[PDB]
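Heads up, the thing below is written out as structure tokens.
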Amino acid sequence: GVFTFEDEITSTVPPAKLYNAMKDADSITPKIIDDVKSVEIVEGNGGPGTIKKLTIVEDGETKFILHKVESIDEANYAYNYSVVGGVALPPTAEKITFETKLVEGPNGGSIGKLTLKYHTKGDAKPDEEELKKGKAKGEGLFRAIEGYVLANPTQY
Ligand SMILES: Oc1cc(O)c2c(c1)O[C@H](c1ccc(O)c(O)c1)[C@H](O)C2
Ligand SMILES: Oc1cc(O)c2c(c1)O[C@H](c1ccc(O)c(O)c1)[C@H](O)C2
Ligand code: NA
């Protein structure tokens, strides 16, 4: 089954600037997010199909997460990626897709439109705990990118 959820988050940063920084999330997030230690490309060049290995630290234990780049839509400020393996993927789940799209905020800032698609195996339903962790991670990244941009204004 596929379970779909929608959410919104705002930023002072304008969408073109925030999107360009999002494209560099692999190099940004290990720096700003304490739990994230590294992001390595295992397959592809960074485009759709590209597989990344994230090394994370949680409760003093090292764990890995696998992401697949689903789509990149520069024209629409859209970045889509799925969790396809590791600790962030419950056994019931086939995969979890995170869709981000930026649109202009009323005051020159940004609205981040988040879509979460949780793909279950069979008639399994999503784990709520895993879900809370996801949606959080949906923000915690957005904030990382935004904080980086605000802290390094020349960069973008
Ligand atoms: O607050 C967090 C905590 C995390 O463990 C993670 C967060 C944010 O975002 C990371 C992240 C998310 C998306 C990326 O494209 C990426 O390179 C890194 C990852 O989901 C792991
Ligand atoms: O398109 C996919 C879908 C998956 O479920 C996976 C994909 C790619 O690749 C992962 C993967 C994991 C480690 C690798 O070195 C590698 O090249 C690919 C894993 O097999 C799980
Ligand atoms: Na870190």
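We count ligands from 1, going down the list as the structure has it; atoms in each ligand are counted the same way. These numbers come from the heavy atoms of this one structure, side chains and all, not from hydrogens, waters or symmetry mates. Residues take their numbers from the sequence shown, with the count starting at 1.
Residue-ligand proximity: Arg143 is placed with every non-hydrogen atom at 4.0 Å or more from ligand 1.
At a cut-off of 3.0 Å, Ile33 coordinates the Na ion (ligand 3) through an N, O or S atom.
In this structure, the protein non-hydrogen atom closest to atom 7 (C) of ligand 2 is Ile51 CD1, 3.8 Å. Looking at atom 17 (O) of ligand 2, its nearest protein heavy atom turns out to be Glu43 OE1, 2.7 Å. Considering only non-hydrogen protein atoms, atom 14 (C) of ligand 2 sits nearest to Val42 CG2, 3.7 Å.
Taking the centre and axis of the six-membered ring of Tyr156, the NZ or CZ atom of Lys17 falls outside the cone set by 45° and 6.0 Å.
The N/O atoms of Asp35, backbone and side chain alike, include none that comes under 3.5 Å of an N/O atom in ligand 1.
Contacts of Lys68 with ligand 2, taken as heavy-atom pairs under 4.0 Å, involve the side chain alone.
At distances below 3.5 Å, not a single donor-acceptor pair connects side-chain atoms of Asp59 with backbone N or O atoms of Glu61. Under the 3.5 Å distance criterion, the side-chain polar atoms of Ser11 are matched with a main-chain donor or acceptor of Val13.
Counting the atoms of ligand 1 from 1 in the order shown, those under 4.0 Å from a heavy atom of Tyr81 are 12 (C), 13 (C). Listed by number with element, the atoms of ligand 1 under 4.0 Å from a non-hydrogen atom of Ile33 are 1 (O), 2 (C), 3 (C), 7 (C), 8 (C). When each atom of ligand 1 is checked for a heavy atom of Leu54 under 4.0 Å away, the hits are 11 (C), 18 (C), 19 (C).
Atom 3 (C) of ligand 2 lies below 4.0 Å from none of the non-hydrogen atoms of the protein.
In this structure, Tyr19 and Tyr77 have tilted ring planes: the angle between them lies in the 30° to 60° band.
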Requested in this report: Apply side-chain contact (heavy atoms from CB on, under 4.5 Å) to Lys113 and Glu8, showing your working.
Outcome: CA-CA 5 Å; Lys113 303 198 181 163; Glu8 268 186 22; 3.9 Å; yes

